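First comes the structure, then the notes that go with it.
When we count neighbours, we look across all protein chains shown, and the Cβ atoms used for this are built from the backbone with ideal geometry, even at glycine. Bear in mind that the values in this text are calculations on the coordinates, not laboratory data.
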There are 2 protein chains.
Amino acid sequence: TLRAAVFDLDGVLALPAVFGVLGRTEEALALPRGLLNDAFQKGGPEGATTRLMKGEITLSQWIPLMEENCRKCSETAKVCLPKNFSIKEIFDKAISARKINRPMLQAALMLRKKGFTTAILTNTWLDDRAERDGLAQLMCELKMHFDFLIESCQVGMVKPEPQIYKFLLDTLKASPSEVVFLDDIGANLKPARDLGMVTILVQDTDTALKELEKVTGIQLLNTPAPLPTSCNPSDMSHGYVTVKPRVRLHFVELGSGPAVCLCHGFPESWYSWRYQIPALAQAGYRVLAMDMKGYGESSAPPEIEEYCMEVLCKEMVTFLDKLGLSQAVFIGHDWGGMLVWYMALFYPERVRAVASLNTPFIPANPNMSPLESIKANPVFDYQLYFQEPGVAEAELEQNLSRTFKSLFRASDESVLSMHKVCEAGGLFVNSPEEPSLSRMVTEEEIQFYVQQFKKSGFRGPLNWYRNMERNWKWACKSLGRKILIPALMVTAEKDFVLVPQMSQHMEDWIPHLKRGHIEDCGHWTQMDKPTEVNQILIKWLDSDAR
Amino acid sequence: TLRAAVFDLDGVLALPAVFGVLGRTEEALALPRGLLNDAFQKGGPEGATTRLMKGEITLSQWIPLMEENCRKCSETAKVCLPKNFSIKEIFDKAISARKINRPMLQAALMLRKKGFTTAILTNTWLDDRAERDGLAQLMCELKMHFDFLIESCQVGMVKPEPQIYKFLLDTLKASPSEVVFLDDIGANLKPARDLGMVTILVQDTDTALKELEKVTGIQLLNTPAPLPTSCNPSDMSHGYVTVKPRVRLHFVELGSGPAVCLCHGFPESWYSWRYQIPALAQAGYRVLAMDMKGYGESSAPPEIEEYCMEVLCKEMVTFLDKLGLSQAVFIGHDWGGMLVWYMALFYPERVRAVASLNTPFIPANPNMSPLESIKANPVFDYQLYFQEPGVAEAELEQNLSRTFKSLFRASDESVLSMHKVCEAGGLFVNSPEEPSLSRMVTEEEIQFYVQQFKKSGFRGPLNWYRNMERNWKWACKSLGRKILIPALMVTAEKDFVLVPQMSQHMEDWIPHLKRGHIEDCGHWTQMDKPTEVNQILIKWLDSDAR
Ligand SMILES: c1ccc(CCc2n[nH]c3ccccc23)cc1
Ligand SMILES: c1ccc(CCc2n[nH]c3ccccc23)cc1
Ligand SMILES: c1ccc(CCc2n[nH]c3ccccc23)cc1
Ligand SMILES: c1ccc(CCc2n[nH]c3ccccc23)cc1
């Protein structure tokens, strides 16, 4: 019974096979068939290529040896390599052209999700070329999805040598009959077969996956669209910045490039962005996913005034100062969406671009008290219930698992009604004691929120709603301003509190505003529709944030 | 008696005064004298400029209002503004041209070092221009060196209004007679003088500093070259990455740009790079200053084998994987210098560039045991003393303050002799009980190392020296290789163990190697000669690491 799946890289997890470029080059330059492939494998186990694959020499050291073999091969064939014949040039193009074979990665991902140990076993080199970063990026993206990465140049062994297969079985801690091995080179399959491993010769991905599905008894072909990569909290880089004597801000950090600061809503976590963090880092950005003040590993002072927008924004500026960042793109959701529009209004020089999910920008009404305004909208009733210190804390802290299970539901999953919350005397009065688990979340993901909220509870988080008069007076200072930096407004069709129509007048204050819209999406945008959020954010980041 | 110094920005901390560009523009376009300055100040307290400076409107909103004032002014003057007259163009150039007035910053720095409260008080705007980042960077660089930054657009008040001066005195928590106020605009000095503050009209910096020196009784002019900016540990962003179940790596992070990974030596800290971190971040790099395995907030497992180079390098690769970095430039010193050359040899695709301070690259001798080789050099005697587990730990852990005070000394400060350490029976046998404080370090900086080493002591650090046979066998695998990625070797004239001559044969293994050399520099390169280390590293980073 199979419990391990091993994949080759070239011609299996990455396409087109860098190998096959040699045949393409021979044809393009009208060279004798097999000339390049023969020069490449010259001397077999004794040759330059075996030394390269074993890690004895680097790729740059190998380039002139491959050139000498090409000359030897051409002279025997009574032919002439052209004027401009360059191995480096051919090699550079071949690697640049090679991309991840997405359906093969998806199958490996599905097997690992079903309890399989997965590994990449590859004949590779020590790349010291000036353009080595492209391959480094490819390897980084691929390797994260596997339990093991076994590279010939690192282990000093090579396929088809029997030692590498014995090494592979030892790292897997599996007997050969428990292993599926996929390779595009028949000679490399032979020792695995000879040991009793299930082997698949990979020509076209589809046939290989049909064989793989048949042998594992797991559907890999024609499977529903997979969710984006998520985050494992213990595998993240955790950052901590003191913004003032009693306040420290926690964040999760991934990727390189322009800084993208993610600001969650109420009652959330940096983890609310779990499906966005790997995707945005992969798209070429440095992601900084915050635990906002009052949440998770960030400080939670008790005072209401510590949570007004002026102080929250000032602390976010200090956060950038201390990290040495002159700017960041600010992406917010719910309360974070509100903070993010105010960062753009009060500190435009520190905000590269601004994006909000669900939260529209509506300016302060100087002719009405915020209480009058909030009362003038039945869906904002829950905010009046959040006003009296202690009441909502007691209800939200009674049973954490029930709290998150009741809150975190898709638009069609008996989502809490925000109308008549005060009258009913609570958010969960008509909610079950043991709510069912929503399709959006696993039991483990609920437990992460439970563990996070065990530290400070709901006082700090609820205090974000307890500064209406303070925020109104501060916001009134910005009434003559306009948001003229790049801006994105993402609406969610089925958010019944932060309704798409609430964002209708935004163009009056943000004339150059760009928009996104998610159909069949509730309040929990990031986990409800992760694939579409990623697509909207990446597209807007690449076009307007750089 | 003075205890506070307030500085204006334009024409005081930053030059040329963005104001003075208006006069330069009038002259260049042969416009009537004062035309641009008159349009700029149009309507005085009622005008567009006062609204801009108070934060009512943003810079982009102000641009068309300034244009309308310029038209009004030109029509009254019976003149014609040219075809291509653009306020944005003039304004963009003016800000780009404006730089920090370094001697004025130096004086502010010296006053703060002598116990003064320092502040920047400025009439500024909310910058939402597409090129706002340049100014954001300038403000970030400047603001860090001051206790307070008071911006007109943030406080809704403006100079010369008396309210801003009362606000300034309140934030300073000082009576007017305790304050020096420096400004280039006479009208803005008037309310400060009228309140009893010492005022300086800034025309040329030199005269202003002569007045400032005379009034404070502190030498500010003709002062010796100041040391680079250092780090305050509690003001840094602290990062934590788990590389494997029992191992977590700590790092300090500052700046944006290409990642630069700093690797300290023995027995050190991330803090050994305190003078490099602000400088490299300021030069356009993302600095990652490590606590290497066994040190500070990084894990310190007891096992010797956890500290061999193969495992240390593998963990540094995992560190990059978990942060989502495909590459970093690796800069090492002492043991970190050794790790860094091995990162280049075994993982060139992950190393953008490699630099070493003092530590040369000398390949393994396959025809000699590492013990034979180490014994063949009298200065490496101390390494044999470090071999027996517990002996060096006991001596180095007996009195931490004595340990760091004895170790951390300049070449002319009775630096410990590394010859006959075994014979003498210890490093400190001929060293005083209470060593004097070296010129390189303060008492507080010694105490930071003391506090750091209180957690794990010297076992983990000493284990870096206890893998000679393991490192030799691993290094022998790389004997056919060459380092062909960008590389820098920095030698120190007076390091009597890692002598410059030890690096003489490096070009045979690193043909494209670049060099740096520091005269009158001992083993503690970074703190001995910080200004020159920064200059060598920045120059090499900008030319070879990008
Ligand atoms: C998520 C839900 C609501 C809010 C802002 C609350 C609000 N909604 N409408 C208002 C009118 C005046 C003052 C405050 C408000 C932020 C994030
Ligand atoms: C607090 C109570 C209920 C919910 C789910 C219902 C909801 N849907 N849309 C919202 C916008 C702001 C506040 C609440 C909601 C989130 C946070
Ligand atoms: C700082 C001082 C010494 C070393 C390496 C030790 C060494 N110095 N010379 C050697 C010869 C063979 C094996 C190891 C060594 C690294 C960092
Ligand atoms: C351990 C003992 C002494 C010193 C100062 C003397 C010294 N100078 N140069 C060195 C190179 C490697 C190891 C030691 C030294 C540093 C670390």
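Along the Cα→Cβ direction, 7 angstrom out, place labels at B:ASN222 and A:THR442. What is the inter-label distance in nm?
Result: 7.2 nm between the two label points.
Averaged across the residues of A:45-55, what count of C-beta atoms belonging to other chains lies within 10 Å of each residue's C-beta?
Mean shielding by partner chains, rounded to a whole number: 1.
Given a Förster distance of 22 angstrom, what is the FRET efficiency for B:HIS505 paired with B:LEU371, based on the Cβ-Cβ distance and rounded to 0.05?
0.50
Which chain B residue sits with its beta carbon nearest the axis carrying B onto A, and how many Å away is it, rounded to a whole number?
With distances in whole Å, chain B gives B:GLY239, 3.
Considering amide H positions built from the backbone, and no H for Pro or chain starts, which residues 5 or more places from A:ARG248, or on another chain, come under 5 Å of its amide H?
A:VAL243, A:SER299
Under the rule of -39500 (n - 2.57) per DSSP H run of 4 or more residues, summed and divided by the residues of chain A, what mean residue ellipticity at 222 nm is obtained, to the nearest 500 deg cm²/dmol?
The helix-only estimate for chain A comes to -11000 deg cm²/dmol at 222 nm.
Work out from phi, with θ = phi - 60° and the Karplus expression 6.51 cos²θ - 1.76 cosθ + 1.60, the ³J(HN,Hα) of each residue of the range A:96-104, listed in order in whole Hz, and give x for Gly and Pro.
Calculated HN-Hα couplings, in order: 4, 6, 6, 10, 5, 7, 3, x, 5 Hz.
Given all pairs of different Cα atoms, what value in angstroms does the Kirkwood hydrodynamic radius of chain B take?
Evaluated over chain B, this radius sits at 26.7 Å.
Using modelled backbone amide H atoms (1.01 Å from N, in-plane), which distant-in-sequence or interchain residues come within less than 5 Å of B:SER237's amide H?
The list, which skips near neighbours in sequence, is B:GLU253.
Which distance in nm do the two modelled labels at A:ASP542 and B:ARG71 give, with both placed 7 Å along the Cα-to-Cβ direction?
4.2 nm
Which net charge results for the neighbourhood of A:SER411, defined as the other residues with beta-carbon distances under 13 angstrom from its beta-carbon, given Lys and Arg at +1 and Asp and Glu at -1?
For residues surrounding A:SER411, the net value is -3.
Please work out the Cα convex hull volume for the range A:17-96 and give it in Å³ per residue.
For the range A:17-96, the hull spanned by Cα atoms encloses 93 Å³ per residue.
Across the range A:62-73, in residue order, what do the Karplus-derived ³J(HN,Hα) couplings come to in whole Hz, using 6.51 cos²θ - 1.76 cosθ + 1.60 with θ = phi - 60° and x for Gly and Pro?
For the range A:62-73, the Karplus curve yields 6, 2, x, 5, 4, 4, 5, 5, 5, 5, 4, 4 Hz.
Of B:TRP125, A:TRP472, how do they rank once you tally other Cβ atoms within 10 Å and put the fewest first?
By the 10 Å Cβ count, ascending, the order reads A:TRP472, B:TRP125.
Please state the charge dipole magnitude for the protein assembly as shown, taken about the Cα centre, from unit charges on C-beta atoms (+1 on K and R, -1 on D and E), reported in debye and rounded to the nearest 20.
1080 debye
Per residue, how big is the convex hull of the range B:236-546 when only Cα atoms are used? Give it in Å³.
121 Å³
In terms of the Cα gyration tensor, with a ≥ b ≥ c the square roots of its eigenvalues, is the protein assembly as shown rounded because a/c is under 1.5, prolate because a/b exceeds b/c, or oblate?
The shape class here is oblate.
Counting only other chains, what is the mean number of Cβ atoms within 10 angstrom of the Cβ of each residue in peptide B:99-107?
Taking the mean over all residues of the peptide, I get 0.
Distance from the Cα centre of the range A:357-431 to that of the range A:154-192, in angstrom?
Value for the Cα centre distance between the two parts: 58 Å.
Distance cut-off 25 Å, Cα to Cα: go down the list A:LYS314/A:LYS482; B:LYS54/B:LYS143; A:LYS78/A:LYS190; B:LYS293/B:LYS494 and report the pairs above it.
A:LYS78/A:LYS190; B:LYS293/B:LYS494
Taking neighbour counts of Cβ atoms within 10 Å as a proxy for exposure, in what order, fewest first, do B:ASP92, B:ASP10 appear?
Final ranking by Cβ density, sparse to dense: B:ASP92, B:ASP10.
Give me the net charge for the shell around A:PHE380: Cβ to Cβ below 15 angstrom, other residues only, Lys and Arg +1, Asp and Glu -1.
Local net charge: -2.
Applying 1/(1 + (r/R0)^6) with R0 = 60 Å to the Cβ-Cβ distance of A:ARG102 and B:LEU109, what FRET efficiency is obtained, to the nearest 0.05?
Efficiency, rounded to the nearest 0.05: 0.65.
List, in order, the whole-Hz ³J(HN,Hα) value for each residue of the range A:325-336 obtained from phi through the Karplus relation with A = 6.51, B = -1.76, C = 1.60 and θ = phi - 60°; use x for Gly and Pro.
Per-residue couplings from phi come out as 9, 7, 8, 8, 7, 9, 10, x, 9, 6, 4, x Hz.
List the residues whose amide H sits under 5 Å from the amide H of B:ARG286, counting only those 5 or more places along or on another chain, with H placed 1.01 Å from N in the peptide plane.
Sorted by chain and number, the residues that satisfy this are B:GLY257, B:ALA259, B:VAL260.
Could you work out how much longer the chain between A:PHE85 and A:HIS145 gets when fully extended? Use 0.36 nm per residue separation minus the Cα distance between them, nm to one decimal.
The A:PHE85-A:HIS145 span can extend by a further 17.8 nm.
Mind jotting down the three principal axis lengths of the range A:187-248 based on Cα atoms? Whole angstrom, largest first.
66, 31, 20
Excluding A:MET440 itself, what net charge comes from residues whose Cβ is under 12 Å from its Cβ, given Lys and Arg +1 and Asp and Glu -1?
Cβ neighbours under 12 Å give a net charge of +1.
Starting from the Cα of A:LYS454, draw a straight line to each of the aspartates and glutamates and keep only those under 16 Å, dropping any in the same chain fewer than 8 residues away.
Result set, ordered by chain and number: A:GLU268, A:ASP291, A:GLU297, A:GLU393, A:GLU395, A:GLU397, A:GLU444, A:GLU445.
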